[PDB]
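These notes are about the structure you will find just below.
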Protein chains: 4
Amino acid sequence: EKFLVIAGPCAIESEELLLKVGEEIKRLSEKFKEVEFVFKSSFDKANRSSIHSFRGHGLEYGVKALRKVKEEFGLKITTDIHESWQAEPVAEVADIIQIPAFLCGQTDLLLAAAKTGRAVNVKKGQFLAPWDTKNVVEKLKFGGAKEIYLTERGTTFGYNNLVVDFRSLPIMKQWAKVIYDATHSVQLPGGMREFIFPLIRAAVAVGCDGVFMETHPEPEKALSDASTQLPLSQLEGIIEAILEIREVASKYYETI
Amino acid sequence: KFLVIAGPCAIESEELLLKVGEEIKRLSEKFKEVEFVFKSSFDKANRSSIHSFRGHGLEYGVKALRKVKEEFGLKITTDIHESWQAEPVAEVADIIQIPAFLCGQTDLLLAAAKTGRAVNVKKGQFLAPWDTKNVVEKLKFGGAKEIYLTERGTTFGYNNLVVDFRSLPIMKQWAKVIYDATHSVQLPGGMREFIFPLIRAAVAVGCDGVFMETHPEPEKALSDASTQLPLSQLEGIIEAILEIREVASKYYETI
Amino acid sequence: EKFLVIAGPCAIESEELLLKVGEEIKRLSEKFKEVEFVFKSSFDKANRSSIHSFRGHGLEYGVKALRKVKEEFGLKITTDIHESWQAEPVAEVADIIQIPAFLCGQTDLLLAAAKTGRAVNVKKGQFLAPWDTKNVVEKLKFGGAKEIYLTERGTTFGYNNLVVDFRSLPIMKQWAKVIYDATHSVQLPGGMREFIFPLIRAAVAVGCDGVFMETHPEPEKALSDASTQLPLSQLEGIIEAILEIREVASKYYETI
Amino acid sequence: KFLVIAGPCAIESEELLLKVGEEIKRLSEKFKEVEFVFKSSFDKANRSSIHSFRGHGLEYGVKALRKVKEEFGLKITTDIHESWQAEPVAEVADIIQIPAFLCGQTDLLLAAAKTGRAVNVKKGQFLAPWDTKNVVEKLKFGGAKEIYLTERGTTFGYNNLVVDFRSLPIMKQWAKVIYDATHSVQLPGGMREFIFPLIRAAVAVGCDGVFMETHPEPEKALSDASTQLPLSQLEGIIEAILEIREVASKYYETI
């Protein structure tokens, strides 16, 4: 089946940053035809640690910049919502509505995304056991969602640390397509780039339906997640590597 | 003075709220040195199941809480789930409660601070104690003056919460600290037998108040049935914590 | 019932250090008559992180120094063993044989301590659930132990950190007397003295049969656990405080 | 070359050891680029229950392992539990295994290094990856030259272990790394369904070898019955990890 690669700059810093990354993603979608690419960027970072950190340029501006990417590159789009009222306006450009990890249990937000008719990708909360994502999918189906994904992005392990329990991949696969978030899983809440690639190799060896990766032309200059965003020039190499590992491991993927 | 936040988990009906309100009123008259605050949720926004009880709406909820405040002269507190709810709730709530999962949502925090009311934030199960400093700053930026941080357990493996009591003195550096005796023992996705022992530890360590959900018949509760404390047991537990606090307070470390 | 206070310098740095601390403990046992004091110090630190750290002066020397304390002060003694063969020689002076946290599951070491006829205090492993200490007590009883204690000393919480889950006190009380280790519970594996006293207050409010505390004339000069050993001059204050908190909380201790 | 450590959890009888030995021998002839090491414990030193199976003794154990090495020409490895056992075990064991709970016992480590044999240390469930640096130094001080560190899960709440694969590249800085596919999925105080998937992750990430307990009829095993892999499945799993490793090795980060 077609492997999903969700990629893009963490935050919509400007419409220009988006087209730059979008252009590279467009080029890669032309080379890796067996992959379905989806462009990602948040119009708002609603839970920065500090009140003084970069949040974004607002929903209107964000949706508009995202639409320019879809327009100019024919790329599918995904962005995250933070309150119920945002679902409708965001569904106009987003092919996949993303539900933030901390909000993965908010019934209204889930129901709001589901009735738009768009696909829904839920980031698994850092506090959530894999088996408890079952009711999250149930709520979405109840609300009308026909295409659902669950994203593994790490679990709380002591203070300011996250661990990836790969047993979660086959468990969540029982009720939804599973995505591995290579970026947020190595971040230290309140991260280490050196572990992005090895953990991503683990994900595809185990088996998943896609990977999620934040990438930026110059990570050290990003306004959010500068430590874990992948340099844009490395994207191609990472993708080719996971497709190769996926191919050789695939005959061994267990059936749910 | 020492804070005691209590009431039924969910606003199952204003009838229930008045019955519980009556007892809290009685205790408030008996324990004059304690500030009692009546709590109850107009909406359970993240029940595990889509088929579970959520409530009767914000409007019906704000009305029931208004009845309790009017009928008994008790202060009020309830939790909000999206920014637009702050203002209408502020009409009745003396203290606006920020849910544990939403303790990092900047807009929700700012909306609560803007109402001018007091704000009590439930520490996320994913949050380190020292990281609540930033939460408090968001509220200050937003204009809040009376800020509380509530300890309610930390993710410990799957389906389990542990209470790291080191958090009490750590958070006290920037806000008044409340200990949630109800939710700290519940198993996510709890054992009532541990509620009282951990409450004792909380006052022995030192905190500015205690939060406890109580119900006339916990067994019949539409939410947190396993952990809500039977109304009849509330008095003895309050007397016990005041006595322990009276003796232990002599050793509370300076802020 | 009589409350137990196990105290002493972490390691037997010299026979002189022992008599100095022992003298203070003797004085306190005369004031706090409702308390049963037990003198503690290890003749060997068998698991220091570094091969270059202080281990001790050997078993013979250690037992000899401990015996001098019992002799000179009429104090009960406790020290920990690390291999089965040490049980017999150590039982000659030790009233309570301590089993190290990492070895709490070693059947032979438990059996070796049990057949000496002495009391046995097992430190609960950092990896052990409270309910699983039941079989630890079963093994000891099987081996002949009539007086058993289980010591709470923290649980692994992420990396280099320990948390105290006070629910363990009433759980372990179902099958043994429970001791709270005020020292090792705040240490950071591979600690914070500022949390020793507050957590100890929590322990007695919850309810336990005793407390364990490492103390030294000058902590900053100790050869082991210099960060968490309690200054000897503070011992009296801590003890008086926990006895007061214990008294006021006692009527509320639940029955097992 | 790639290391594959395998055999029955406990030495239930030398008969069992020879039956498993025969298959490992066969696989060793089939996978020439793989160094196979036969493992089995002469004593289960920390069974939860006093009434469980421990074994038939060190002497009977060392003898059975000697038979396997003689009869099949396979290298040997078994674990020690107290210092005095190192020397007698070293007679037969090419690699001395240090138990997870005992990875910090200095005397046990030194006794193992002194025998001149290779030493494989199971990383304690309580140990951080970076803290194995000191373990390796103790062994070097003691004169060991061939040192291995085995990843076998980390305490995650109660009765659960999680595998933090970041540990593989971290430990590789000071020793050869082995991944224990059997114990990493067992629930302390496990699910076989996760053994193969995690093994795949281990080779995709990069390690110097894999450790796997296998038994002719896991169901009838006197130890780790829930997690020992049926002998018949061993071949397919080895072929699978060699294939994955062949492709993935191109991306292994430099030490």
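Lettering follows sequence order; numbering is per chain, from 1.
For the set A:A241, A:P170, A:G158, A:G237, the count of heavy-atom pairs under 4.5 angstrom toward chain D peaks at A:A241. Note on D:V205, D:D164, D:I170: by heavy-atom pairs under 4.5 Å with chain A, the leading option is D:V205. When A:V204, A:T155, A:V186, A:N161 are compared by the number of non-hydrogen pairs under 4.5 Å with chain D, A:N161 comes out ahead. In terms of non-hydrogen atom pairs under 4.5 Å with chain A, the most contact-rich of D:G206, D:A202, D:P197 is D:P197.
Applying the 6.0 Å contact sphere to CD of A:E23 captures no more than 12 heavy atoms from other residues, nucleotides or ligands. The neighbour count for A:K26 NZ, taken as heavy atoms of other residues, nucleotides or ligands under 6.0 Å away, is above 12. Counting non-hydrogen atoms of neighbouring residues, nucleotides and ligands closer than 6.0 angstrom, the NZ atom of A:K76 reaches no more than 12 such neighbours. Crowding of D:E239 atom CD: a count of heavy atoms from other residues, nucleotides or ligands under 6.0 Å exceeding 12. Within 6.0 Å of atom CZ in A:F142, 12 or fewer heavy atoms from other residues, nucleotides or ligands are found, so the atom counts as exposed in its surroundings. Annotation: A:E1, atom CD; neighbour count of heavy atoms from other residues, nucleotides and ligands within 6.0 Å does not exceed 12.
Remark: A:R167 CZ to D:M191 CE distance equals 5.5 Å, nearest 0.5 Å. Atom CD1 of residue D:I244 and atom CZ of residue A:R201 lie 13.0 Å apart, to the nearest 0.5 angstrom.
The two atoms that bring A:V163 and D:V162 nearest to each other are CG2-CG2, 4.0 Å, heavy atoms only. Heavy-atom minimum distance, D:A201 versus A:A202: CB-CB, 3.7 Å.
Listed by sequence position, A:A249, A:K251, A:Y252, A:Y253, A:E254 are the residues of residues 249-256 of chain A in contact with chain D, using a 4.5 angstrom heavy-atom cutoff.
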Can you give the donor-acceptor pairs under 3.5 Å from side chains of residues 31-40 of chain D to other protein atoms, not counting sequence neighbours?
residue	atom	partner	partner atom	Å
D:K32	NZ	D:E29	OE1	2.6
D:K39	NZ	D:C9	O	3.2
D:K39	NZ	D:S41	OG	3.2
D:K39	NZ	D:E213	OE2	2.9
D:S40	OG	D:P8	O	2.9
D:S40	OG	D:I11	N	3.4

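Side-chain atoms of D:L168 and A:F195, non-hydrogen and from C-beta on, never get closer than 4.5 Å to each other.
Aromatic ring orientation, A:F166 versus D:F165: perpendicular (interplanar angle above 60°, classes split at 30° and 60°).
Of the candidates A:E247, A:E244, A:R246, A:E244 is the only one forming a side chain to side chain contact (heavy atoms under 4.5 Å, CB included) with D:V247.
With a 4.5 Å cut-off on non-hydrogen atoms, D:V163 touches chain A through its backbone but not through its side chain. Heavy-atom distances place the backbone of A:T156, and not its side chain, under 4.5 Å from chain D. In this structure, the portion of D:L161 lying under 4.5 Å from any heavy atom of chain A is its backbone and not its side chain.
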